[PDB]
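Below is one structure, written out as C-alpha cells; comments come after it.
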Amino acid sequence: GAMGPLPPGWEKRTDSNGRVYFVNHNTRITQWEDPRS
C-alpha cells in the first residue's frame, strides 16, 4: 500500500460516522473518490 502522499491540498480524513474522505484544503471540497489511485 501507501501509493504516495496526498496531492498538494488533499488529505485522507475521517467523518463523524466512520467514512474515509479526501479533503482539499484549497477549494475546501470534501470528495470521496481516491486521488491516489
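Chain identifiers are assigned as A, B, and so on, following the order in which chains appear in the C-alpha cells; residues are numbered from 1 within each chain, and ligands are numbered from 1 in order of appearance.
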
Need to verify the contact set: residue 2 of chain A, 12 Å, only C-alpha atoms, exclusion of same-chain residues closer than 5 positions in sequence. Can you return it as a compact mmCIF listing (two decimals) with N, CA and C atoms, in the first residue's frame?
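And here's part_10.txt as it stands now:
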```txt
# COMPACT_ATOMS: atom_id res chain seq x y z
N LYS A 12 -6.38 12.34 3.54
CA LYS A 12 -7.29 11.25 3.85
C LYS A 12 -7.87 11.44 5.24
N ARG A 36 -5.25 9.16 -4.98
CA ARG A 36 -4.02 8.37 -5.01
C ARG A 36 -4.26 7.01 -5.64
N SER A 37 -5.01 7.02 -6.73
CA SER A 37 -5.34 5.80 -7.45
C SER A 37 -4.55 5.73 -8.75
```

*Hey, what's within 8 Å of segment 18-23 of chain A if we count only C-alpha atoms and toss same-chain stuff fewer than 4 positions away? As an MDAnalysis selection string, please?*
chainID A and resid 9:14 28:35

Saved selection, atoms kept: N, CA and C atoms, as a compact mmCIF listing (two decimals), in the first residue's frame:
```txt
# COMPACT_ATOMS: atom_id res chain seq x y z
N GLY A 9 -2.74 19.65 -1.10
CA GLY A 9 -4.03 20.18 -0.72
C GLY A 9 -4.97 19.09 -0.23
N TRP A 10 -4.77 17.88 -0.70
CA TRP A 10 -5.64 16.76 -0.35
C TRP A 10 -5.19 16.10 0.96
N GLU A 11 -6.09 15.31 1.55
CA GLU A 11 -5.75 14.52 2.72
C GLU A 11 -6.79 13.43 2.93
N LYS A 12 -6.38 12.34 3.54
CA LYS A 12 -7.29 11.25 3.85
C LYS A 12 -7.87 11.44 5.24
N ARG A 13 -9.09 11.93 5.28
CA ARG A 13 -9.73 12.30 6.53
C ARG A 13 -10.89 11.36 6.85
N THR A 14 -11.33 11.38 8.09
CA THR A 14 -12.47 10.58 8.51
C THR A 14 -13.62 11.49 8.91
N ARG A 28 -11.56 23.61 -0.40
CA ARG A 28 -12.34 23.22 0.78
C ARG A 28 -13.42 22.22 0.39
N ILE A 29 -13.09 21.39 -0.59
CA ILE A 29 -14.04 20.42 -1.12
C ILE A 29 -13.87 19.07 -0.44
N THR A 30 -14.99 18.47 -0.06
CA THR A 30 -14.99 17.14 0.52
C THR A 30 -15.33 16.10 -0.55
N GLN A 31 -14.31 15.50 -1.13
CA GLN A 31 -14.51 14.48 -2.15
C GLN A 31 -14.32 13.10 -1.54
N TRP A 32 -14.88 12.11 -2.20
CA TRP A 32 -14.88 10.75 -1.67
C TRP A 32 -14.01 9.83 -2.52
N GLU A 33 -13.90 10.15 -3.81
CA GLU A 33 -13.04 9.39 -4.71
C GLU A 33 -11.57 9.59 -4.36
N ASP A 34 -10.81 8.50 -4.45
CA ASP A 34 -9.40 8.50 -4.08
C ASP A 34 -8.53 9.08 -5.19
N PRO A 35 -7.78 10.15 -4.88
CA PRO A 35 -6.86 10.78 -5.82
C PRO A 35 -5.56 9.99 -5.97
```
